[PDB]
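A.B. asks: Supplied in structure tokens, the structure appears directly below.
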Protein chains: 2
Amino acid sequence: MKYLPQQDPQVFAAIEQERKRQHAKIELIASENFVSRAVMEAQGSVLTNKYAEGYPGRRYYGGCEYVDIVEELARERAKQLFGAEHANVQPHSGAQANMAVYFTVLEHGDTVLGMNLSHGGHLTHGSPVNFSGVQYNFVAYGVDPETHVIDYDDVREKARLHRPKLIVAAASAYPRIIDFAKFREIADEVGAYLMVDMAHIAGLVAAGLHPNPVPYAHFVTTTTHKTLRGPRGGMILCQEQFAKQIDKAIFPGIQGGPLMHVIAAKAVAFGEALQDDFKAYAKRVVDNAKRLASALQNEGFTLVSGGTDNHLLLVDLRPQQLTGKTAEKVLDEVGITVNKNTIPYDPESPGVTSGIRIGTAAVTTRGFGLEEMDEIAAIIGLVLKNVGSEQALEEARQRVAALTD
Amino acid sequence: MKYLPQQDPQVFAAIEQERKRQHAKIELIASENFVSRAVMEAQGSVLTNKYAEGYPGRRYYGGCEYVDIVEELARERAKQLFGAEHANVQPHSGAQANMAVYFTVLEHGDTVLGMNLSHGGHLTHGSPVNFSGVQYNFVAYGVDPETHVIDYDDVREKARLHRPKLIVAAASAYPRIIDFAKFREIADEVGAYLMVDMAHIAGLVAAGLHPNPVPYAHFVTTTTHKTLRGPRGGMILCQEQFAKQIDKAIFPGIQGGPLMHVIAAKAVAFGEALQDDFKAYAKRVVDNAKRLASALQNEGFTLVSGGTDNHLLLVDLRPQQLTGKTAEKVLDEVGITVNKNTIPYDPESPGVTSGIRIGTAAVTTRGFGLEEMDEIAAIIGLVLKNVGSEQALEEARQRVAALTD
Ligand SMILES: Nc1nc2c(c(=O)[nH]1)N(C=O)[C@@H](CNc1ccc(C(=O)N[C@@H](CCC(=O)O)C(=O)O)cc1)CN2
Ligand SMILES: Nc1nc2c(c(=O)[nH]1)N(C=O)[C@@H](CNc1ccc(C(=O)N[C@@H](CCC(=O)O)C(=O)O)cc1)CN2
């Protein structure tokens, strides 16, 4: 950076502080990743200066000759990546992506079937404090109390009983494979649309390491910044018969000017995902998750569903006699950055929580392998089984520093 | 750029063409500006990797120590810049800034009073093809058919008649000063809340060249990328009594994770606006627009409202038999970039329009003075009056290149 240190030392210092922290700490937040320097150069470009309301060739402004190309690259690479008939790459967020689809098929107060928050579901899947629970009538399905797996019989029962207009499958903290065909089977039985939110597993779907929801869903929504390893933003994938409707929902429906620089960055992110070395990368994330889960089990931690089938695992911290709020803070002190996370049937509210959610997507990107996962789990063990010990706390800091070196 | 040209040639070529076009063409899109290289460096930072749901000190993730500083800086500066009691810098957009406020003070179907689209109002101020007009019952106020100035008597009438829960003031294509005193006076008469959308005029307000809405409004929504000359995104300013409810409306209400990198650039922009430089700049913006307006009138163009008190002007193109769509396309040919824009009482639809909107915020940033505005108005006069003339289009191209170097 050249001009920022000069004009704004306060902001620059804060950024450099953060830039060092991302290298000095061990980022284990499941939804987080480290983007390429090409992705950052794209959003750090002049495309922020451009108003491009509308779509390629159909704009409400002049001078869009070149941002139209950037957006077409994004749309076509997306369709190539997931096999979808249509793509919308303008959503500013996953939330805005989800919001748009809801705005497309649902009237105010319509019945929607979504995964319960504490069981794994996202805020936009029907949380009472989110716009989804407020705007639409959400009924919640969930997981088994013992196996912690989606009860599709429960789902069918709810669908037959409540007769929803749309069913939403997918989750923010479900360590297992979701069967989209069963969800579609249930949706056709009750005459409902199917939405799948692949935000967390989007990079795994592109790499063939999680079954594709696209052939089974009318609408597929995603973020671009999780396992897809792109810029902070959203995306919608749909069948040709919903293309125009979805596009109008984004604009003039729920958004205004699109972020063309972030859209440019999306195109790079998708270009990177199309390459072979991303499949190799994605395999390492899944392998690093399976190992870390098993390594945490060896330390004597308990995990929901007994492990993982994808990128993330969910530690139940009840036997360790700790809340997620403590675990997060104490691990953050020594170098391990996680997030407090709600477990199925969690006795605590989503601000306190009875567990922590760990992801391997970020650490894999910076070159950590199987041998490294073993040390991560041992540090987490040393810290969480010896809470108040300043000796264990300090040893952990030396060991984390040895990893990030 | 160092890594994008090698990684993604197709995306890099498009960005460079766009970069060249920004310099080569005369960008007169009223809602566009050119950010500093410092603002660009901030958006391209590693802050894009951080999930920071919640607020400084109240985060649902770990490792936020530094992004918190970035957000605090953005907020405290915004308060210093506008004299607001509270600020929210997380809105992805001006669209989302407005949406959250509507989500705070309004329930579904509620009556809201906002400015008509063609009379100058924005899409989010009650369009029936926008969520605002679909979620809420919007009654429209407009401007006088002869003077094109807000009929405040009509606003007062519409307010007494429909008893709205909220009044929205401010516009996308209103070339005159909006009396906020009168709006609050009206809002207090019917007991309604007042929201002002200063998005377009934020930079002028920061410089004491437009009456500040903050003292008169309960809520002040804005974009950061217009006359404020910052990154693409939104912001909410409000009185202290709504502070907590506003923060909840953004998250977990209508948005997910904030764009921390954009919030860094938001902090940089407000810092640029706090300097003595900015006030001088903003003066030239208003002076250049006033000159360009007068110069266009000498050429024979009919201007909505007869001139401009701000950064913006609307050309009524009906006398010269041209739609806005046509005028936008022909000026693009000669190297002048505007957008087609609806005028008060437009006989045509928003996709065709009877006029064009012109702003000076962007050309003033690159150093154009009062003498450049004279030339620009001459070129626009040469082209739009000699539409088919191929020798008139070529002379324009040469005069545009003489200005842009
Ligand atoms: N299962 C699951 N885990 C997740 C998410 C999620 O949406 N679902 N998240 C993705 O967002 C992150 C956490 N974000 C969250 C933010 C707010 C609330 C929430 O319900 N807040 C309420 C209740 C507060 C309390 O009682 O503690 C509120 O603020 O009123 C939940 C999750 C990470 N883990
Ligand atoms: N006064 C004003 N000027 C403005 C805006 C605005 O919101 N208000 N804009 C805000 O950024 C841009 C225009 N954006 C717009 C986009 C769509 C529609 C609209 O009503 N579209 C309808 C019908 C259009 C058609 O097909 O002819 C539709 O899409 O169904 C209007 C304005 C530029 N100038």
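Note on naming: chains are A, B, ... as they come in the structure tokens, residues start from 1 per chain, ligands start from 1 in the order shown.
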Kindly compile the residues surrounding ligand 2 within 10 Å, counting only C-alpha atoms and all ligand atoms, and format them as JSON, numbers by chain.
C.D. replies: {"A": [51, 52, 53, 54, 58, 59, 60, 61, 247, 248, 249, 251, 252, 253, 255, 256, 257], "B": [29, 30, 31, 94, 95, 115, 116, 117, 118, 119, 120, 121, 122, 123, 124, 125, 126, 127, 128, 129, 130, 171, 172, 173, 174, 314, 338, 339, 340, 341, 342, 343, 344, 348, 349, 350, 351, 352, 353, 356, 357]}
A.B. asks: Taking only C-alpha atoms into account, produce a table as JSON lines in which each residue of chain B with an atom at most 7 Å from an atom of chain A appears once, together with its shortest atom pair and the distance in Å to one decimal, ordered by chain and rising number.
C.D. replies:
{"residue": "B:1", "atom": "CA", "partner": "A:41", "partner_atom": "CA", "distance": 6.5}
{"residue": "B:3", "atom": "CA", "partner": "A:38", "partner_atom": "CA", "distance": 5.0}
{"residue": "B:4", "atom": "CA", "partner": "A:38", "partner_atom": "CA", "distance": 4.3}
{"residue": "B:7", "atom": "CA", "partner": "A:38", "partner_atom": "CA", "distance": 6.8}
{"residue": "B:8", "atom": "CA", "partner": "A:268", "partner_atom": "CA", "distance": 6.6}
{"residue": "B:11", "atom": "CA", "partner": "A:70", "partner_atom": "CA", "distance": 6.2}
{"residue": "B:14", "atom": "CA", "partner": "A:66", "partner_atom": "CA", "distance": 5.6}
{"residue": "B:17", "atom": "CA", "partner": "A:66", "partner_atom": "CA", "distance": 6.7}
{"residue": "B:18", "atom": "CA", "partner": "A:66", "partner_atom": "CA", "distance": 5.5}
{"residue": "B:19", "atom": "CA", "partner": "A:46", "partner_atom": "CA", "distance": 6.4}
{"residue": "B:32", "atom": "CA", "partner": "A:49", "partner_atom": "CA", "distance": 6.1}
{"residue": "B:33", "atom": "CA", "partner": "A:49", "partner_atom": "CA", "distance": 5.9}
{"residue": "B:34", "atom": "CA", "partner": "A:49", "partner_atom": "CA", "distance": 5.8}
{"residue": "B:37", "atom": "CA", "partner": "A:3", "partner_atom": "CA", "distance": 6.4}
{"residue": "B:38", "atom": "CA", "partner": "A:4", "partner_atom": "CA", "distance": 4.5}
{"residue": "B:40", "atom": "CA", "partner": "A:44", "partner_atom": "CA", "distance": 4.7}
{"residue": "B:41", "atom": "CA", "partner": "A:44", "partner_atom": "CA", "distance": 5.8}
{"residue": "B:43", "atom": "CA", "partner": "A:44", "partner_atom": "CA", "distance": 5.2}
{"residue": "B:44", "atom": "CA", "partner": "A:44", "partner_atom": "CA", "distance": 3.9}
{"residue": "B:45", "atom": "CA", "partner": "A:40", "partner_atom": "CA", "distance": 6.5}
{"residue": "B:46", "atom": "CA", "partner": "A:19", "partner_atom": "CA", "distance": 6.3}
{"residue": "B:48", "atom": "CA", "partner": "A:232", "partner_atom": "CA", "distance": 6.3}
{"residue": "B:49", "atom": "CA", "partner": "A:34", "partner_atom": "CA", "distance": 5.9}
{"residue": "B:50", "atom": "CA", "partner": "A:32", "partner_atom": "CA", "distance": 6.7}
{"residue": "B:51", "atom": "CA", "partner": "A:32", "partner_atom": "CA", "distance": 6.8}
{"residue": "B:60", "atom": "CA", "partner": "A:339", "partner_atom": "CA", "distance": 6.6}
{"residue": "B:61", "atom": "CA", "partner": "A:339", "partner_atom": "CA", "distance": 4.5}
{"residue": "B:62", "atom": "CA", "partner": "A:337", "partner_atom": "CA", "distance": 5.5}
{"residue": "B:63", "atom": "CA", "partner": "A:337", "partner_atom": "CA", "distance": 5.8}
{"residue": "B:66", "atom": "CA", "partner": "A:18", "partner_atom": "CA", "distance": 5.5}
{"residue": "B:69", "atom": "CA", "partner": "A:14", "partner_atom": "CA", "distance": 6.5}
{"residue": "B:70", "atom": "CA", "partner": "A:11", "partner_atom": "CA", "distance": 6.3}
{"residue": "B:92", "atom": "CA", "partner": "A:92", "partner_atom": "CA", "distance": 6.6}
{"residue": "B:95", "atom": "CA", "partner": "A:255", "partner_atom": "CA", "distance": 5.5}
{"residue": "B:129", "atom": "CA", "partner": "A:253", "partner_atom": "CA", "distance": 6.2}
{"residue": "B:130", "atom": "CA", "partner": "A:253", "partner_atom": "CA", "distance": 4.3}
{"residue": "B:131", "atom": "CA", "partner": "A:253", "partner_atom": "CA", "distance": 5.3}
{"residue": "B:231", "atom": "CA", "partner": "A:48", "partner_atom": "CA", "distance": 6.6}
{"residue": "B:232", "atom": "CA", "partner": "A:48", "partner_atom": "CA", "distance": 5.9}
{"residue": "B:252", "atom": "CA", "partner": "A:130", "partner_atom": "CA", "distance": 5.4}
{"residue": "B:253", "atom": "CA", "partner": "A:130", "partner_atom": "CA", "distance": 4.4}
{"residue": "B:254", "atom": "CA", "partner": "A:131", "partner_atom": "CA", "distance": 5.8}
{"residue": "B:255", "atom": "CA", "partner": "A:95", "partner_atom": "CA", "distance": 5.8}
{"residue": "B:256", "atom": "CA", "partner": "A:95", "partner_atom": "CA", "distance": 5.7}
{"residue": "B:259", "atom": "CA", "partner": "A:232", "partner_atom": "CA", "distance": 6.8}
{"residue": "B:264", "atom": "CA", "partner": "A:11", "partner_atom": "CA", "distance": 6.9}
{"residue": "B:268", "atom": "CA", "partner": "A:8", "partner_atom": "CA", "distance": 6.7}
{"residue": "B:328", "atom": "CA", "partner": "A:62", "partner_atom": "CA", "distance": 6.3}
{"residue": "B:332", "atom": "CA", "partner": "A:62", "partner_atom": "CA", "distance": 6.7}
{"residue": "B:337", "atom": "CA", "partner": "A:62", "partner_atom": "CA", "distance": 5.5}
{"residue": "B:338", "atom": "CA", "partner": "A:62", "partner_atom": "CA", "distance": 5.6}
{"residue": "B:339", "atom": "CA", "partner": "A:61", "partner_atom": "CA", "distance": 4.4}
{"residue": "B:340", "atom": "CA", "partner": "A:61", "partner_atom": "CA", "distance": 6.7}
A.B. asks: Using only N, CA and C atoms, please write the residues we just selected to a file, as a compact mmCIF listing (two decimals), in the first residue's frame.
C.D. replies:
# COMPACT_ATOMS: atom_id res chain seq x y z
N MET B 1 -1.54 -2.85 -10.67
CA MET B 1 -1.90 -4.24 -10.27
C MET B 1 -0.78 -5.22 -10.59
N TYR B 3 -0.98 -9.02 -9.57
CA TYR B 3 -1.33 -10.45 -9.60
C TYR B 3 -2.50 -10.81 -10.50
N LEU B 4 -3.40 -9.86 -10.73
CA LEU B 4 -4.57 -10.08 -11.58
C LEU B 4 -4.26 -10.23 -13.08
N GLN B 7 -3.03 -13.82 -13.45
CA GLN B 7 -4.06 -14.79 -13.06
C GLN B 7 -5.27 -14.82 -14.01
N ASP B 8 -5.79 -13.65 -14.36
CA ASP B 8 -7.04 -13.55 -15.12
C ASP B 8 -6.96 -12.46 -16.20
N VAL B 11 -10.51 -10.77 -17.30
CA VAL B 11 -11.03 -9.85 -16.30
C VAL B 11 -10.16 -8.60 -16.23
N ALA B 14 -10.76 -6.13 -19.30
CA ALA B 14 -12.01 -5.40 -19.10
C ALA B 14 -11.88 -4.26 -18.09
N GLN B 17 -9.69 -1.45 -19.78
CA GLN B 17 -10.54 -0.74 -20.73
C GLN B 17 -11.46 0.23 -19.98
N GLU B 18 -12.08 -0.26 -18.90
CA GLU B 18 -12.93 0.57 -18.05
C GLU B 18 -12.15 1.71 -17.40
N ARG B 19 -10.94 1.39 -16.93
CA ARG B 19 -10.05 2.38 -16.34
C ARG B 19 -9.72 3.48 -17.35
N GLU B 32 -22.32 9.39 -9.90
CA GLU B 32 -20.97 8.82 -9.96
C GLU B 32 -19.90 9.82 -9.53
N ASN B 33 -18.78 9.28 -9.06
CA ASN B 33 -17.63 10.07 -8.64
C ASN B 33 -16.36 9.24 -8.82
N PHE B 34 -15.20 9.81 -8.52
CA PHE B 34 -13.95 9.06 -8.56
C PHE B 34 -13.29 9.07 -7.19
N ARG B 37 -7.07 6.94 -4.46
CA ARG B 37 -6.33 5.68 -4.49
C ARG B 37 -6.22 5.05 -3.10
N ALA B 38 -6.36 5.89 -2.07
CA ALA B 38 -6.41 5.43 -0.67
C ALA B 38 -7.68 4.65 -0.36
N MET B 40 -9.51 3.06 -2.60
CA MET B 40 -9.36 1.82 -3.36
C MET B 40 -8.46 0.80 -2.66
N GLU B 41 -7.38 1.28 -2.05
CA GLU B 41 -6.46 0.41 -1.32
C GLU B 41 -7.11 -0.25 -0.11
N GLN B 43 -10.51 -0.97 0.23
CA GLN B 43 -11.46 -1.98 -0.22
C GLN B 43 -10.76 -3.27 -0.67
N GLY B 44 -9.56 -3.11 -1.21
CA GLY B 44 -8.76 -4.24 -1.67
C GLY B 44 -7.96 -4.91 -0.58
N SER B 45 -8.10 -4.44 0.66
CA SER B 45 -7.37 -5.00 1.80
C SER B 45 -7.86 -6.40 2.19
N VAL B 46 -7.16 -7.01 3.14
CA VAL B 46 -7.48 -8.37 3.60
C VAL B 46 -8.70 -8.41 4.53
N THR B 48 -11.58 -8.26 3.87
CA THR B 48 -12.65 -8.99 3.19
C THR B 48 -12.79 -10.42 3.70
N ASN B 49 -11.75 -10.90 4.39
CA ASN B 49 -11.71 -12.25 4.93
C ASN B 49 -12.40 -12.41 6.29
N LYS B 50 -12.73 -11.28 6.91
CA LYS B 50 -13.27 -11.29 8.27
C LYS B 50 -14.80 -11.27 8.33
N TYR B 51 -15.37 -12.32 8.92
CA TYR B 51 -16.75 -12.28 9.38
C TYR B 51 -16.80 -11.50 10.69
N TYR B 60 -20.18 -11.90 17.01
CA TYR B 60 -20.49 -13.33 17.11
C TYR B 60 -19.33 -14.21 16.63
N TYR B 61 -18.16 -13.59 16.47
CA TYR B 61 -16.94 -14.27 16.05
C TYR B 61 -15.77 -13.75 16.88
N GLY B 62 -14.66 -14.48 16.85
CA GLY B 62 -13.42 -14.03 17.49
C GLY B 62 -12.52 -13.31 16.50
N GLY B 63 -11.41 -12.77 17.00
CA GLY B 63 -10.39 -12.14 16.16
C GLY B 63 -10.76 -10.79 15.57
N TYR B 66 -9.31 -5.68 15.53
CA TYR B 66 -8.81 -4.67 14.61
C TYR B 66 -9.87 -4.12 13.66
N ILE B 69 -11.80 -1.46 15.33
CA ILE B 69 -11.16 -0.15 15.24
C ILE B 69 -11.56 0.54 13.94
N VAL B 70 -11.52 -0.21 12.84
CA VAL B 70 -11.94 0.26 11.52
C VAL B 70 -13.39 0.78 11.53
N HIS B 92 -24.86 -2.52 3.14
CA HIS B 92 -24.16 -2.87 1.91
C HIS B 92 -24.40 -1.84 0.81
N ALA B 95 -29.82 1.09 -0.99
CA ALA B 95 -31.00 0.24 -1.00
C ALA B 95 -31.21 -0.42 0.36
N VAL B 129 -42.62 -1.64 -8.56
CA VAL B 129 -41.77 -2.75 -9.01
C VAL B 129 -40.56 -2.90 -8.08
N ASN B 130 -40.67 -2.29 -6.91
CA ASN B 130 -39.63 -2.32 -5.88
C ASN B 130 -40.27 -2.80 -4.58
N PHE B 131 -39.47 -3.45 -3.73
CA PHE B 131 -39.96 -3.99 -2.45
C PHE B 131 -40.73 -2.95 -1.64
N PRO B 231 -16.50 4.78 -0.98
CA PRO B 231 -16.76 3.47 -1.57
C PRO B 231 -18.25 3.21 -1.83
N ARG B 232 -18.54 2.20 -2.65
CA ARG B 232 -19.92 1.84 -2.92
C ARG B 232 -20.54 1.16 -1.70
N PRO B 252 -29.49 -8.80 13.45
CA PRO B 252 -29.69 -9.84 12.43
C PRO B 252 -30.93 -9.65 11.56
N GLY B 253 -31.36 -8.41 11.38
CA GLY B 253 -32.58 -8.09 10.64
C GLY B 253 -32.55 -8.37 9.15
N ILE B 254 -31.84 -7.54 8.40
CA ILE B 254 -31.86 -7.61 6.93
C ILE B 254 -30.51 -7.94 6.29
N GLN B 255 -29.45 -7.93 7.08
CA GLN B 255 -28.11 -8.21 6.56
C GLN B 255 -27.40 -9.30 7.34
N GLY B 256 -26.43 -9.93 6.70
CA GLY B 256 -25.56 -10.89 7.36
C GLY B 256 -24.29 -10.20 7.83
N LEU B 259 -19.47 -5.81 5.28
CA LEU B 259 -18.29 -5.74 4.42
C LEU B 259 -17.23 -4.85 5.08
N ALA B 264 -13.77 0.04 5.99
CA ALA B 264 -12.47 0.70 6.09
C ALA B 264 -12.39 1.88 5.13
N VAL B 268 -11.99 5.99 5.48
CA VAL B 268 -11.02 6.78 4.72
C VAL B 268 -11.70 7.98 4.05
N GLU B 328 -28.72 9.45 -24.51
CA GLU B 328 -27.66 8.74 -23.79
C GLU B 328 -26.75 8.01 -24.78
N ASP B 332 -22.73 8.94 -25.71
CA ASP B 332 -21.74 7.87 -25.53
C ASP B 332 -20.85 7.70 -26.76
N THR B 337 -20.54 10.57 -21.20
CA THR B 337 -21.32 9.54 -20.52
C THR B 337 -22.33 10.11 -19.51
N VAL B 338 -23.61 9.94 -19.84
CA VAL B 338 -24.72 10.31 -18.95
C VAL B 338 -25.64 9.10 -18.79
N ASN B 339 -26.72 9.28 -18.04
CA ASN B 339 -27.79 8.29 -18.04
C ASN B 339 -29.13 8.90 -18.42
N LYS B 340 -29.91 8.13 -19.18
CA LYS B 340 -31.30 8.48 -19.47
C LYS B 340 -32.05 8.63 -18.15
A.B. asks: Residues near region 301-311 of chain B, anyone? I mean within 10 Å using only C-alpha atoms, not counting same-chain ones fewer than 4 positions away, as a PyMOL selection string.
C.D. replies: chain B and resi 30-31+143-149+173-178+200-201+203-204+209-210+227+282-297+315-320+343-344+355-362+377+380-381+384-385
A.B. asks: Taking 3 positions as the minimum chain separation for residues in the same chain, which residues sit within 10 Å of residue 153 (chain A) when counting only C-alpha atoms? Answer as a PyMOL selection string.
C.D. replies: chain A and resi 141+150+156-159+182+186
A.B. asks: For the selection just defined, write its residues with C-alpha atoms to a file, as a short mmCIF file (atom, residue, chain, number, x, y, z; two decimals), in the first residue's frame.
C.D. replies:
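Saved as out_8.cif:
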data_model
loop_
_atom_site.label_atom_id
_atom_site.label_comp_id
_atom_site.auth_asym_id
_atom_site.auth_seq_id
_atom_site.Cartn_x
_atom_site.Cartn_y
_atom_site.Cartn_z
CA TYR A 141 -37.54 -29.10 10.84
CA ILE A 150 -31.68 -34.58 9.32
CA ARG A 156 -42.26 -34.92 5.26
CA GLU A 157 -44.61 -34.82 8.27
CA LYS A 158 -44.20 -31.02 8.51
CA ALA A 159 -44.64 -30.64 4.73
CA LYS A 182 -35.19 -36.52 -0.60
CA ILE A 186 -40.95 -34.24 -0.31
#
A.B. asks: Please compute the CA of residue 180 (chain A)-atom 22 (C, counted along the ligand's line) of ligand 1 distance, one decimal, in Å.
C.D. replies: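 Result for CA of residue 180 (chain A) versus atom 22 (C, counted along the ligand's line) of ligand 1: 28.5 Å, one decimal.
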A.B. asks: List every residue of region 157-381 of chain A that DSSP, applied to the backbone of this structure, places in strand (DSSP E), and write the result as an MDAnalysis selection string.
C.D. replies: chainID A and resid 166:169 193:197 219:223 234:238 302:303 312:316 336:337 339:340 355:359
A.B. asks: Go ahead and save the picked residues with N, CA, C and O atoms, as a short mmCIF file (atom, residue, chain, number, x, y, z; two decimals), in the first residue's frame.
C.D. replies:
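part-v8.cif was written with the following content:
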data_model
loop_
_atom_site.label_atom_id
_atom_site.label_comp_id
_atom_site.auth_asym_id
_atom_site.auth_seq_id
_atom_site.Cartn_x
_atom_site.Cartn_y
_atom_site.Cartn_z
N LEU A 166 -42.69 -23.11 -0.23
CA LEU A 166 -41.28 -23.33 -0.52
C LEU A 166 -40.63 -24.11 0.62
O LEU A 166 -40.95 -23.89 1.78
N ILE A 167 -39.74 -25.04 0.27
CA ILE A 167 -38.92 -25.72 1.27
C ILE A 167 -37.47 -25.28 1.10
O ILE A 167 -36.93 -25.30 -0.01
N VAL A 168 -36.86 -24.86 2.20
CA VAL A 168 -35.45 -24.48 2.21
C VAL A 168 -34.62 -25.58 2.88
O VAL A 168 -34.82 -25.91 4.05
N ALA A 169 -33.70 -26.15 2.11
CA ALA A 169 -32.71 -27.09 2.63
C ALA A 169 -31.34 -26.42 2.67
O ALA A 169 -31.04 -25.56 1.83
N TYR A 193 -42.03 -25.38 -4.20
CA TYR A 193 -40.72 -25.06 -4.75
C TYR A 193 -39.63 -25.53 -3.78
O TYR A 193 -39.87 -25.63 -2.57
N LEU A 194 -38.44 -25.82 -4.30
CA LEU A 194 -37.31 -26.15 -3.45
C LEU A 194 -36.16 -25.17 -3.61
O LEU A 194 -35.63 -24.98 -4.71
N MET A 195 -35.78 -24.55 -2.49
CA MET A 195 -34.59 -23.70 -2.43
C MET A 195 -33.49 -24.40 -1.65
O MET A 195 -33.74 -24.96 -0.57
N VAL A 196 -32.27 -24.39 -2.19
CA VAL A 196 -31.11 -24.90 -1.46
C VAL A 196 -30.05 -23.81 -1.26
O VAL A 196 -29.67 -23.11 -2.20
N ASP A 197 -29.60 -23.67 -0.02
CA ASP A 197 -28.63 -22.65 0.36
C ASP A 197 -27.25 -23.29 0.53
O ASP A 197 -26.89 -23.71 1.63
N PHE A 219 -34.41 -23.21 -7.12
CA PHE A 219 -33.52 -22.11 -6.81
C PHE A 219 -32.37 -22.60 -5.95
O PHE A 219 -32.56 -23.41 -5.03
N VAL A 220 -31.17 -22.13 -6.26
CA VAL A 220 -29.98 -22.39 -5.45
C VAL A 220 -29.32 -21.05 -5.11
O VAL A 220 -28.93 -20.30 -6.01
N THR A 221 -29.21 -20.77 -3.82
CA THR A 221 -28.57 -19.55 -3.34
C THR A 221 -27.24 -19.88 -2.69
O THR A 221 -27.06 -20.97 -2.14
N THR A 222 -26.30 -18.94 -2.76
CA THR A 222 -24.98 -19.12 -2.15
C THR A 222 -24.30 -17.79 -1.83
O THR A 222 -24.62 -16.75 -2.41
N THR A 223 -23.38 -17.83 -0.87
CA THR A 223 -22.39 -16.78 -0.71
C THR A 223 -21.24 -17.11 -1.65
O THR A 223 -21.19 -18.21 -2.22
N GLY A 234 -22.96 -12.41 -2.62
CA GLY A 234 -23.91 -13.50 -2.86
C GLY A 234 -24.08 -13.90 -4.31
O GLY A 234 -23.50 -13.29 -5.21
N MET A 235 -24.90 -14.93 -4.53
CA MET A 235 -25.22 -15.43 -5.87
C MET A 235 -26.48 -16.31 -5.84
O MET A 235 -26.72 -17.02 -4.87
N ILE A 236 -27.28 -16.23 -6.90
CA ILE A 236 -28.45 -17.09 -7.07
C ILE A 236 -28.35 -17.89 -8.37
O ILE A 236 -27.97 -17.35 -9.42
N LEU A 237 -28.68 -19.18 -8.28
CA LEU A 237 -28.74 -20.07 -9.44
C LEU A 237 -30.14 -20.64 -9.58
O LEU A 237 -30.72 -21.13 -8.60
N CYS A 238 -30.70 -20.57 -10.78
CA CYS A 238 -32.06 -21.05 -11.01
C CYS A 238 -32.27 -21.61 -12.41
O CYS A 238 -31.45 -21.38 -13.31
N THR A 302 -16.33 -34.05 22.35
CA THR A 302 -17.51 -34.67 21.75
C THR A 302 -18.00 -33.80 20.60
O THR A 302 -18.08 -32.58 20.73
N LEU A 303 -18.30 -34.44 19.47
CA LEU A 303 -18.73 -33.73 18.26
C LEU A 303 -20.12 -34.14 17.82
O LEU A 303 -20.47 -35.32 17.88
N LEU A 312 -16.75 -28.49 7.90
CA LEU A 312 -16.85 -28.00 9.28
C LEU A 312 -17.25 -29.07 10.28
O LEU A 312 -17.96 -30.02 9.95
N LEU A 313 -16.80 -28.91 11.52
CA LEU A 313 -17.23 -29.75 12.62
C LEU A 313 -17.76 -28.89 13.76
O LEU A 313 -17.44 -27.71 13.86
N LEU A 314 -18.60 -29.49 14.61
CA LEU A 314 -19.22 -28.77 15.71
C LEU A 314 -18.94 -29.47 17.04
O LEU A 314 -19.44 -30.57 17.30
N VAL A 315 -18.14 -28.82 17.87
CA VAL A 315 -17.76 -29.36 19.17
C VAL A 315 -18.88 -29.11 20.19
O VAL A 315 -19.32 -27.98 20.37
N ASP A 316 -19.33 -30.18 20.84
CA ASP A 316 -20.18 -30.06 22.01
C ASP A 316 -19.27 -29.94 23.23
O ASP A 316 -18.49 -30.85 23.52
N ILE A 336 -5.81 -19.04 18.61
CA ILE A 336 -6.82 -19.79 17.86
C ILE A 336 -8.14 -19.02 17.77
O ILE A 336 -8.82 -18.80 18.77
N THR A 337 -8.48 -18.62 16.55
CA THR A 337 -9.71 -17.86 16.31
C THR A 337 -10.83 -18.76 15.80
O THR A 337 -10.75 -19.32 14.70
N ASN A 339 -15.50 -19.42 16.42
CA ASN A 339 -16.73 -18.74 16.79
C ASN A 339 -17.61 -19.60 17.69
O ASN A 339 -17.83 -20.79 17.42
N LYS A 340 -18.09 -18.99 18.78
CA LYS A 340 -19.10 -19.61 19.63
C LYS A 340 -20.28 -20.04 18.77
O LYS A 340 -20.75 -19.28 17.92
N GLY A 355 -21.15 -24.74 22.53
CA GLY A 355 -20.13 -25.33 21.66
C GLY A 355 -19.36 -24.31 20.84
O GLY A 355 -19.62 -23.11 20.91
N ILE A 356 -18.40 -24.81 20.06
CA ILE A 356 -17.67 -24.00 19.09
C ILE A 356 -17.64 -24.67 17.71
O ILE A 356 -17.55 -25.89 17.61
N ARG A 357 -17.72 -23.85 16.66
CA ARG A 357 -17.70 -24.35 15.29
C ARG A 357 -16.32 -24.12 14.69
O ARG A 357 -15.80 -23.01 14.72
N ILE A 358 -15.75 -25.19 14.14
CA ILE A 358 -14.41 -25.14 13.56
C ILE A 358 -14.45 -25.48 12.07
O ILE A 358 -15.14 -26.41 11.66
N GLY A 359 -13.71 -24.71 11.28
CA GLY A 359 -13.59 -24.93 9.84
C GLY A 359 -12.15 -25.02 9.38
O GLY A 359 -11.28 -24.31 9.88
#
A.B. asks: Which residue is closest to ligand 1? Choose from B:162, B:239, B:98, B:245 and count only C-alpha atoms and all ligand atoms.
C.D. replies: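 Smallest separation from ligand 1 among the options: B:245.
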